[PDB]
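Before we start, here is the structure in question, set down as C-alpha cells.
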Amino acid sequence: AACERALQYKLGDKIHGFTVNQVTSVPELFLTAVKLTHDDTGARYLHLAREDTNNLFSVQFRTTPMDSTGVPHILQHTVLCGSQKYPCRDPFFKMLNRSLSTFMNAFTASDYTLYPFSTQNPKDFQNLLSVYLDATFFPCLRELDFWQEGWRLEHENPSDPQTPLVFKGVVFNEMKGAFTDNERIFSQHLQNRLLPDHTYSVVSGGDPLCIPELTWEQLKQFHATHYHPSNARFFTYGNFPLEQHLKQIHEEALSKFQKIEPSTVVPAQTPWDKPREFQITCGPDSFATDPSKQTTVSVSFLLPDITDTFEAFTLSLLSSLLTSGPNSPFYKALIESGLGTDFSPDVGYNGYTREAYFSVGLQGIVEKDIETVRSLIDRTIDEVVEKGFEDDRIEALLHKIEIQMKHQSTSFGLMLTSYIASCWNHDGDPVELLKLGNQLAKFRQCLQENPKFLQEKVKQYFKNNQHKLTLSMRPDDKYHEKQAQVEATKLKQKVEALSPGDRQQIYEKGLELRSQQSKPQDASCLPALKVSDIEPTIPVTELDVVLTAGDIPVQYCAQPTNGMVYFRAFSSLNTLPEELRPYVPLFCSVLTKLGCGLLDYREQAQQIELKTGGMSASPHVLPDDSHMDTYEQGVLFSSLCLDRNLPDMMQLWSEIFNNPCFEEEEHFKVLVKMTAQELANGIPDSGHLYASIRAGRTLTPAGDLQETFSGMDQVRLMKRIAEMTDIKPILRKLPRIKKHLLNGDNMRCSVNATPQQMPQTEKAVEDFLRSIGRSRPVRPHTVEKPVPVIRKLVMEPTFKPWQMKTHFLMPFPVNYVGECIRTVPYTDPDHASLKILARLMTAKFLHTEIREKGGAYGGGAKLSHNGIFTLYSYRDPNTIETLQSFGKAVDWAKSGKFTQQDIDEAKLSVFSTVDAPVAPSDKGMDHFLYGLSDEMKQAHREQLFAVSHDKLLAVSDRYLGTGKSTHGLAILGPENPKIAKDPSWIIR
Ligand SMILES: Cc1cc(C(=O)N2CCN(C(c3ccccc3)c3ccccc3)CC2)ccc1[N+](=O)[O-]
Ligand SMILES: Cc1cc(C(=O)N2CCN(C(c3ccccc3)c3ccccc3)CC2)ccc1[N+](=O)[O-]
Ligand SMILES: [Zn+2]
C-alpha cells in the first residue's frame with residue numbers, strides 16, 4: 001500500500017531538493033501524511049499517501065488584493081493562457097482535450113488562488129504537472145490575453161473603427177453573473193464589512209464596476225509579488241510515487257528561484273470596541289416581489305484565528321449545534337417562528353478567512369419584523385448560555401461526523417486540498433486538520449471535564465464579543481439599471497479621454513486579438529495522451545438480484561463501503577392521477593420531515609440525524625434507452641447509515657411509508673417557504689439548466705414531465721404555494737399521493753454494502769418490504785421492459801414534438817441561453833457520433849465564439865442520455881448573436897473542417913467523462929435506475945471508439961441541419977427589443 005511505503009520515510013531524508021520534516025500516520029483516513037520543505041526556496045509541501053488511483057496535484061498561492069479590480073481572479077485566468085515552455089495560445093483549455101483527467105481547474109478565494117488537477121493515469125499526471133508548473137511560475141501574460149479574459153474596450157465591429165466602443169471580457173461577465181445571485185451580494189458585503197482593515201475588505205473576484213480600473217502592469221506586478229514558490233503550498237495525494245512529483249517540481253520550477261520573504265502576510269483584524277450596523281441593497285427577485293417583504297438581516301461575530309485548530313474545531317461544532325436543523329435553537333427561534341423564509345446566507349461557521357466568523361439571521365423578512373428578528377437573536381443567545389444543549393443532539397453531531405469520515409467518495413484529494421487551504425494559507429498546520437480522532441477525543445474530554453464548556457464558549461464569543469455586525473439588505477427594483485448607468489457613464493469618460501493615437505491602438509489591438517482568436521495554431525508543443533491509452537473495456541459490476549417479500553426485486557452490490565450501507569427504493573408513478581404530478585416534488589421534499597407515527601417532526605429529525613446520514617425522496621423521469629417517446633416515472637427513496645444502525649434506518653423508512661404526519665400543517669408551511677425561497681435563489685446559478693429544461697419541454701414526453709418536476713414551472717408553483725393564506729387544500733393532496741406511491745405494488749430496491757454486512761441487510765430490507773402495503777395505470781400505453789427486474793414504462797406512441805421559443809424576462813445583467821434538438825436515443829448507433837460531435841463543437845467552435853469572442857462565461861454543446869442535443873451559454877452578454885453562433889456551429893460541423901486529431905481529442909474528452917471513477921455507494925446505479933447493463937455500456941463504448949470523420953459530418957447533416965429535427969429555444973435574461981417584436985417568441 002502507498003500509505004505503508006510512505007511510513008518508510010525518515011525525518012531528515014533528502015529528496016530532489018526537499019527535506020522530509022514530518023511523517024504522520026492517519027489511520028482514520030487510511031493515509032500517511034508527509035510534510036516537506038524545499039531547501040533553497042522554503043516552499044511547503046504536503047503529500048498524502050493513500051491507496052487511491054485518482055491522484056491529485058495542487059499548488060496554492062497567498063494572494064492578497066488591496067482593491068476590487070479582481071486582479072487575482074483575472075491573473076488566475078491569464079496564467080493559463082500561455083507560458084514560456086508552452087507559449088502557444090491557451091495551454092489549459094487545449095490540455096482539457098489531450099488528457100484523461102478526472103478534474104482540471106483553478107479558482108480564487110479571497111486571499112489565495114488554488115490550481116488543482118487529478119487523474120488516474122500516471123503519465124497524464126506528469127503531463128499536467130508540467131503544464132501547471134509552467135503556467136503558474138512562468139506565464140507569458142500577454143497583453144491581449146488579459147484583454148480577452150479580463151476586460152477591454154472593443155468596437156462592436158472590431159474591423160469597423162466607426163462602430164461604438166463597448167466593455168468586454170470573460171471575468172467581466174463572470175462577475176456580473178456571480179452578483180446576479182443576491183445571496184452572493186449579501187455574502188460579499190458581510191465579509192467586507194466585518195473584516196474592514198485589510199485584504200478582506202475588497203471584492204477579490206472583481207467588482208464589475210471596478211474591473212476596468214485594472215491595468216496590464218498591475219496584473220504583471222501582482223504575479224511578481226505573489227507567484228514565487230516561497231509564497232506557495234504544494235499538495236499531492238494518492239498512490240503515485242512522491243519521488244517523481246518532487247523531481248519535476250524541483251527541476252522544472254523551484255530550482256530557478258531563491259528564497260524570499262513574500263510581501264503577502266495578512267495581518268490580524270483588530271477587534272472592534274463596539275458593534276457596527278450597515279444597510280445595503282440588491283436586485284429584485286424574478287417574481288416582482290415587494291421589497292418590504294424581502295428583507296435580509298443577519299448578525300455576525302468575529303472568532304479567533306483559524307490556525308488555533310482545536311478552538312476552531314470547537315467553534316465549528318458549536319455553530320452546527322446552534323443552527324443546524326429544526327432542533328437547533330436558532331432554527332426554532334427564527335425559522336419556525338414564521339419571521340422569515342430561510343436562514344440568511346453564510347449562516348453558521350465561516351473559516352475561509354484568517355479570523356473565522358459566525359453568522360445568523362433570516363431572509364424573506366417583512367421589514368416590520370426586522371427589530372423582532374434582532375431581538376430574538378439576542379434572546380436565543382442568552383437562553384443557550386443559561387441552558388446549554390441537549391445531550392442527544394451532541395451525540396447526533398458526533399455521529400454525523402463519523403459518517404463523513406467513513407463515507408468513500410471519488411474526489412477525496414480535491415476535497416482535502418480545498419479543505420486545508422485557508423489554514424495552510426496563514427501558516428497553520430494542515431496535518432492537524434487530518435487528525436480527526438484526536439480532535440474528537442479532546443472535544444469529548446472537554447465535555448466530560450466541564451459540563452458548562454459549550455455555554456462558556458457561547459458567552460465568550462457571542463455574548464461578550466463587541467466585534468458584532470448587523471447587516472441588512474433590501475431589494476432595489478432598479479438595482480441593475482443603476483449599475484448599468486454608472487458603467488455607461490464610466491465608459492463614456494474613458495472613451496472621451498482617448499487621444500487619436502489611443503483610439504488607433506485600440507482598433508489595431510482589437511483586430512490583432514480577433515486574429516489570434518481565429519487563426520488555427522499548432523499545439524504540438526503540448527503533451528498529450530493517445531486514444532490507445534483509453535481502456536478497451538471496463539471492469540464488470542457484480543450484482544445479485546433477489547426477489548423479496550414475494551415479487552419485489554432487490555439489487556445487491558457488494559462494495560468496499562467502509563462500514564456504510566446505502567439503500568434505495570424506486571416506486572412507480574404510473575397509477576397517480578396526472579393532476580397530482582405537479583405536487584410530487586413538494587410531497588418528496590416534506591415526506592421525511594413532517595413526522596412519522598409517534599415521532600413529531602422534531603423527534604423524527606433527531607432520529608434521522610442520530611441514526612442515518614440522511615433520508616430523502618426525489619421525483620425522476622428516466623428516459624428509455626431505445627425509444628424517444630418512452631420513459632419511466634417514479635420516486636426515488638434514498639438513505640445511508642453506519643452498519644450498526646441499519647435496523648434503525650429501515651424502522652424509519654417503515655414509519656415514513658406507513659404513518660407520515662400529513663396533519664402537520666405548521667411545519668409544512670415552514671418547509672414550503674424554505675423550499676420556494678431556495679429554488680428562487682438558485683435560478684441564476686443554474687440559469688442555463690433552466691433554459692435547457694424549458695427548451696426541451698416540447699421535444700419528448702419526458703421533457704414535459706421534467707419541466708413540471710424541476711423547471712421554472714415548478715419554481716413558480718412553489719412560489720404560489722408559499723404565498724397562500726390557506727395551505728390546507730395543498731396539504732390535503734399529500735394523502736392522495738401517498739396512496740399511489742407509499743406501497744410495494746410497483747417497486748424495486750437496491751443495496752450497496754460490504755460483503756460481510758450483506759446478510760444482515762437482506763433481513764432488514766425484507767422486513768421493511770413486508771411492513772408496507774400491497775394490493776391499473778393512468779396512461780393507456782405502458783410497456784414491460786425486462787432488464788438484461790421488469791420495469792413498467794410509459795410510452796406515448798402518438799407523441800408529436802413541436803417547436804417553441806420562450807424568453808423569461810429576468811432582472812439579470814447577463815443571459816442564459818438554451819437550444820435543444822431532438823435526435824436519437826442511447827442504443828441508436830448515431831448516438832455515439834453525436835456525443836463525440838458535441839464535445840468537438842464545444843472545443844473547436846463554441847468556446848471561441850461564445851466565450852472567447854463574446855465574453856460569455858460559458859458556451860458549448862452536450863448530448864444527454866435521452867437523445868437531446870443541447871447548445872447553451874452561461875452568463876452571456878449576448879442573446880441573438882449566440883443563437884446565430886449556434887447555427888454557424890452546425891454549419892461548421894456539416895462542413896467537415898476538423899481534423900483526425902480534433903476527433904481523437906474529442907474522444908479523449910468524452911472518455912475522461914464517462915470513465916470517471918464511481919464511488920462504492922454508487923456502483924450498480926446505472927443498472928438500477930436506467931436498466932443499463934454492462935453489455936450495453938460496452939457496445940456503446942465500441943461505438944464511441946469507432947466514430948470517424950465521415951460519420952460525424954453525416955449526423956451533423958442528418959439531425960442538426962435546419963428543418964431536419966424539431967428544435968426548442970429558451971432564454972433567461974433582460975428585455976430584448978428584437979425578441980419582443982418577434983411573434984414566434986413567447987415572453988414570460
Ligand atoms: C474551511 C472549510 C472547509 C470545508 C470543507 O472543505 N469540508 C470538507 C471536509 N470536512 C471535513 C470534516 C468534517 C467533519 C468534521 C471535521 C472535518 C472532512 C470530511 C471527511 C473526511 C475528512 C475531513 C469538513 C468540511 C468546509 C467549510 C469550511 N469553512 O467554512 O471554514
Ligand atoms: C460539524 C461539521 C462541520 C463541518 C465543517 O464544515 N468543518 C469545517 C471546519 N473544520 C474545522 C476543523 C477541522 C479539523 C480540525 C480542526 C478544525 C476548520 C478547518 C479549517 C479552518 C477552520 C476550521 C471543521 C469542520 C462539516 C461537517 C460537520 N458535521 O458533520 O455536522
Ligand atoms: Zn473565473
Side-chain angles (χ1 to χ4, degrees), residues 326 567-597 599-601 604-605 608 614-622 631-639 652-680 682 702 704-724 726-749 768 772-773 777-779 794 929:
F567 171 78
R568 282 98 162 182
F570 189 81
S571 185
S572 182
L573 279 166
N574 285 352
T575 63
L576 183 80
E578 282 184 2
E579 61 169 336
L580 290 170
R581 262 174 174 176
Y583 301 87
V584 169
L586 178 54
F587 174 89
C588 289
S589 59
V590 303
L591 175 61
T592 64
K593 290 178 176 175
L594 289 179
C596 56
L599 308 185
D600 62 34
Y601 69 93
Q604 180 186 39
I608 285 177
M615 302 185 75
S616 67
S618 59
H620 294 264
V621 188
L622 312 170
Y631 63 90
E632 189 181 19
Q633 49 171 357
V635 169
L636 181 70
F637 305 87
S638 185
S639 59
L652 283 163
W653 271 128
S654 198
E655 208 71 22
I656 287 164
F657 267 64
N658 293 324
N659 297 289
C661 302
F662 291 148
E663 293 207 341
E664 179 56 56
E665 181 177 0
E666 281 168 11
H667 189 58
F668 176 66
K669 276 181 63 166
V670 162
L671 297 173
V672 155
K673 291 186 301 184
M674 274 188 49
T675 289
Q677 185 69 74
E678 289 163 358
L679 284 173
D704 186 40
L705 189 53
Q706 191 69 71
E707 163 75 48
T708 294
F709 284 165
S710 54
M712 292 291 299
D713 276 357
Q714 177 60 218
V715 177
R716 279 157 182 198
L717 172 65
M718 287 305 304
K719 208 67 176 137
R720 292 200 298 276
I721 296 181
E723 293 180 345
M724 297 176 70
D726 181 26
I727 50 75
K728 282 176 179 101
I730 309 303
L731 190 56
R732 293 194 273 265
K733 296 182 184 290
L734 303 190
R736 298 186 62 198
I737 294 178
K738 148 184 205 290
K739 171 186 173 179
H740 295 268
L741 222 54
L742 301 187
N743 61 74
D745 295 334
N746 309 275
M747 170 175 286
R748 64 177 182 276
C749 303
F768 160 71
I772 64 179
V778 162
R779 275 269 157 178
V794 171
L929 289 182

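All residue numbers refer to positions in the sequence shown, counting from 1. Side-chain atoms are counted along with the backbone in the values below, which use heavy atoms only and exclude waters and symmetry mates.
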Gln633 CD to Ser572 OG distance, which is reported to the nearest 0.5 Å:
6.0 Å
side-chain hydrogen bond (donor to acceptor under 3.5 Å, both in side chains) pairs, two or more places apart, involving residues 583-593
none
Residue pair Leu705, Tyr631: steps toward the side chain to side chain contact (heavy atoms under 4.5 Å, CB included) verdict
CA-CA 10 Å; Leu705 189 53; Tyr631 63 90; 4.0 Å; yes
Heavy-atom closest pair, residues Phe668 and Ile727
CD2-CD1, 3.8 Å
Tell me, with the steps shown, if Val778 and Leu576 meet side chain to side chain contact (heavy atoms under 4.5 Å, CB included).
CA-CA 7 Å; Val778 162; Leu576 183 80; over 6 Å; no
Closest heavy-atom pair and its distance - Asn743, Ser571:
O-OG, 4.2 Å
So, are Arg736 and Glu579 salt-bridged, with charged N and O less than 4.0 Å apart?
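Counted as a salt bridge, because a side-chain N and a carboxylate O are separated by less than 4.0 Å.
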Could you give me the CA-CA distance, side-chain angles and deciding distance for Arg748 and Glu632, then say whether salt bridge (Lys or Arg N to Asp or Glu O under 4.0 Å) is met?
CA-CA 13 Å; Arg748 64 177 182 276; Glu632 189 181 19; 2.7 Å; yes
Considering non-hydrogen atoms only, spot the tightest contact between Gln604 and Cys596 and give its length.
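Closest pair (atom of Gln604, atom of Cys596, distance): NE2-SG, 3.3 Å.
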Are the side chains of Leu591 and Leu734 in touch, meaning some heavy atoms are under 4.5 Å apart?
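Heavy-atom side-chain distance check fails, nothing below 4.5 Å.
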When rounded to the nearest 0.5 angstrom, what is the spacing between CE in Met747 and CG in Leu742?
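Between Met747 CE and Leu742 CG, I get 8.0 Å after rounding to 0.5 Å.
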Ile772 side chain reached by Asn658 side chain, heavy atoms, under 4.5 Å
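Contact flag for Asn658/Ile772 side chains = yes.
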Does the side chain of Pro577 come within less than 4.5 Å of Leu580's, by heavy atoms?
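Result yes, sub-4.5 Å side-chain heavy-atom pair found.
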Nearest atoms (heavy-atom pairs only) where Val794 meets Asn574
CG2-OD1, 3.5 Å
For a 4.5 angstrom cut-off between non-hydrogen side-chain atoms, does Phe570 reach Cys749?
no
Sorted by chain and number, sequence neighbours left out, side-chain contact (heavy atoms from CB on, under 4.5 Å) with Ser638 holds for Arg568, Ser616
Any donor-acceptor pair under 3.5 Å linking the side chain of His740 with the backbone of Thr575?
yes
Atom pair NZ (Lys728) and CD1 (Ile730), whose distance is rounded to the nearest 0.5 Å:
12.5 Å
Hey, mind stepping through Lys669 and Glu664 against salt bridge (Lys or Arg N to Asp or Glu O under 4.0 Å) and telling me if it holds?
CA-CA 9 Å; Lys669 276 181 63 166; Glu664 179 56 56; over 6 Å; no
Could you list the residues that satisfy side-chain contact (heavy atoms from CB on, under 4.5 Å) with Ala722, not counting sequence neighbours?
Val672, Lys673, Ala676
Check ring-ring contact (aromatic ring centres under 6.0 Å, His included) between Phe662 and all other residues, then give those that pass, not counting sequence neighbours.
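ring-ring contact (aromatic ring centres under 6.0 Å, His included) check on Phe662 returns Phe587.
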What is the distance from atom CG of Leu731 to atom CE of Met724, rounded to the nearest 0.5 Å?
10.5 Å
Taking the side chain from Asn659 and the backbone from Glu655, do they hold a donor-acceptor pair closer than 3.5 Å?
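Side chain of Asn659 to backbone of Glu655: no pair is present.
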What is the distance from atom NZ of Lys738 to atom CD1 of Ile656, rounded to the nearest 0.5 Å?
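That separation rounds to 12.5 Å.
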Shortest non-hydrogen pair, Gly773 vs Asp745, comes out as O-OD1, 4.2 Å
Is the shortest heavy-atom distance from the side chain of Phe567 to the side chain of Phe768 under 4.5 Å?
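They are in side-chain contact.
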Test of understanding: with side-chain contact (heavy atoms from CB on, under 4.5 Å), list the residues that count as partners of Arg716, not counting sequence neighbours.
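With neighbours one apart ignored, the set is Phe287, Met712, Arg720, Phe808, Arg988.
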Excluding sequence neighbours, so at least two apart, what forms ring-ring contact (aromatic ring centres under 6.0 Å, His included) with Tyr601?
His667
Quick one, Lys733 and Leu586 - any side-chain contact, counting heavy atoms below 4.5 Å?
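With C-beta onward as the side chain, the pair stays apart.
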So which heavy atom on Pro582 is nearest to which on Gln714, and how close?
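Here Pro582 and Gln714 meet closest at O-NE2, 3.3 Å.
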CZ of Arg581 to OG1 of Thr708, rounded to nearest 0.5 Å, is 7.5 Å
Quick one, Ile608 and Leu652 - any side-chain contact, counting heavy atoms below 4.5 Å?
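They are in contact (side-chain heavy atoms under 4.5 Å apart), so the answer is yes.
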Under a 4.5 Å cut-off applied to non-hydrogen side-chain atoms, are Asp600 and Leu594 in contact?
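Side-chain contact under 4.5 Å: no.
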